[PDB]
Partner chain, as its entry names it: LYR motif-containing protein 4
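Encoded as structure tokens, the following chain is the form deposited without its partner chain, with no partner shown.
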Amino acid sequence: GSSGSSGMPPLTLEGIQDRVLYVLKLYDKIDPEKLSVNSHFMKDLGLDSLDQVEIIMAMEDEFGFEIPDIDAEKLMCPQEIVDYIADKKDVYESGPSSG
């Protein structure tokens, strides 16, 4: 309870990264202190692929994309994703998007 206020500023890279971390944070398995824009998952964290599919899928949802295992596998850091997002630069582009 106890409501206050919480707006949602424009959409900028600052949001992608934060999200990349935020999402990674949501994962108790992944510690925030250790977590870092430049922090591996298997070299540092030491997670398993089973976690990679998740972490990735997390970004695919948090951003709403379709990252193939061929990519998710190439992604071993949070910054690596940001790049994938930044590129997308908003998903307000035409296309057959159904609910």
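Residue numbers count along the first chain shown, from 1.
The following text describes the form deposited with its partner chain bound, which does not appear among the structures shown.
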Can you check whether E33 is within 4.5 Å of its partner chain in the entry with it bound, heavy atom basis?
no
Are any of the heavy atoms in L45 no more than 4.5 Å from a heavy atom of its partner chain in the entry with it bound?
no
Touches its partner chain in the entry with it bound: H40 (any heavy atom, 4.5 Å):
no
When its partner chain is placed as it is in the entry with it bound, are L11, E14 and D18 each within 4.5 Å of it, taking any non-hydrogen atom of the residue?
no
Residues of 33-51 having any heavy atom within 4.5 Å of its partner chain in the entry with it bound, listed in sequence order:
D48, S49, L50, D51
